[PDB]
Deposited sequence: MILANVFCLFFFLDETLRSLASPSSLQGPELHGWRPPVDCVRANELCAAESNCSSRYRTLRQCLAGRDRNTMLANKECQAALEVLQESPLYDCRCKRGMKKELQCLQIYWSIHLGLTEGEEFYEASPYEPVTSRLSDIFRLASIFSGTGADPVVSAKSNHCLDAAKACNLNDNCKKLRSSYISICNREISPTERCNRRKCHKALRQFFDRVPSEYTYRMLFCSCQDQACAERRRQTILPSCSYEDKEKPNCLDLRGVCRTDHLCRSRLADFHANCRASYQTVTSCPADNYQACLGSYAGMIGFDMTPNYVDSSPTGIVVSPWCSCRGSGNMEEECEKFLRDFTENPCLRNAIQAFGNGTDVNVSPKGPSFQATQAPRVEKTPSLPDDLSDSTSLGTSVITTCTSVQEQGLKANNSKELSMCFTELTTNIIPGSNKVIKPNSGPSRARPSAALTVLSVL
């Protein structure tokens, strides 16, 4: 079994030549003759082709290692890639399960707590608790809440409120999407979750579902994996069937890169893969 990045780094750090070659490559990539020689040595090490896993121990460290030696732009490869009111029903199933009820209430109470009149909540703490809910409660509970189908506005508003968007999603400023992307790519976790969403929800013109390998589950997981970061996506409104999800951003102020900004945003707003995966989940496919 190939080794993950945390372990590969232990092995490299224990031998002075590898460690020095690694330090050199890291320095080269944070920007010749030595750089090329450093790359060549590391290609024979287990750092080359090392990967990470969602819910692993030291996920962040793994990702820091992965990106420190990654050679690179619109779509980055994922570090995780190996080589009747239905929303009310969903909330009931969650509250009747001890683990779901606890972790649900925990993010609700953290995200709903006002810090001051100019601070709706502790956003960082809120995001962290949302990550805990999606990582530690099975998807049979969490996806049923996030992706439930709706026929009226009260159901759709309940769905829109799942992540408590007033704290976790909305902000005083709505940045430009490419600026937000920029901010997301400076954080190791967000960057990786974005790249994993790009890999699993990228629309295909070849498959019946428009999803890669017709794999709805992997797309839904990667979508949910972005909740709790800079690029947290949500239902933009409480329309029942006219579902639009997006990060908290717009293509205003794009200038020369309006085309690229819009292309970026469309992977959320106008993506037949994501659309179809969300709809199939709610319908019982």
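Chemist: Which deposited-sequence positions, grouped into ranges, are missing C-alpha coordinates?
Modeler: No C-alpha for residues 1-35, 67-74, 116-120, 132-157, 360-458.
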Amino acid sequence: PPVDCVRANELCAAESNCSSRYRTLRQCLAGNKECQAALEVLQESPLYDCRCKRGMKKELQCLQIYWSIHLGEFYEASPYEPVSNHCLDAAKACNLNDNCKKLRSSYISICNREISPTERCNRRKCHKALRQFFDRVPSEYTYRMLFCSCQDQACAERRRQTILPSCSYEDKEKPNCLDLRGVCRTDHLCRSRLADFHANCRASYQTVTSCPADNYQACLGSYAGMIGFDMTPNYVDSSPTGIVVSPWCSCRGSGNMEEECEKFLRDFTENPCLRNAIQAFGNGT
From here on, numbers count along this sequence of modelled residues.
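Chemist: Would you determine, from the values in the PDB entry, which of 171-179 and 122-130 has the greater average C-alpha temperature factor?
Modeler: On average, C-alpha B-factors are higher across 171-179.
Chemist: Can you tell me which stretch has the higher mean Cα B-factor, 250-258 or 56-64?
Modeler: Mean C-alpha B-factor is greater for 250-258.
Chemist: Name the one of 196, 157, 73, 89 with the greatest CA B-factor according to the PDB entry.
Modeler: The record points to 73.
Chemist: Going by the entry, which of 111, 96, 115, 103 has the most elevated CA B factor?
Modeler: So the option with the highest C-alpha B-factor is 115.
Chemist: Quick one: classify residue 234 as lowest, middle or highest third of the chain based on its Cα B-factor.
Modeler: For residue 234, whose C-alpha B-factor we compare with every modelled residue in the chain, the answer is the lowest third.
Chemist: Going by the CA temperature factor in the PDB record, which third of the chain does residue 142 belong to: lowest, middle or highest?
Modeler: Ranked within chain, residue 142 CA B lands in the lowest tercile.
Chemist: Could you place residue 210 in the lowest, middle or highest third of its chain by Cα temperature factor, using the values in the record?
Modeler: Lowest third - that is where residue 210 ends up once the chain's C-alpha B-factors are sorted.
Chemist: Consider only the C-alpha atoms of the modelled residues in this chain, order them by B-factor as the entry records it, and name the third containing residue 221: lowest, middle or highest.
Modeler: According to the entry, residue 221 has a C-alpha B-factor in the chain's lowest third.
Chemist: Among the modelled residues of this chain, does the Cα B factor of residue 192 put it in the lowest, middle or highest third?
Modeler: It falls in the bottom third of the chain.
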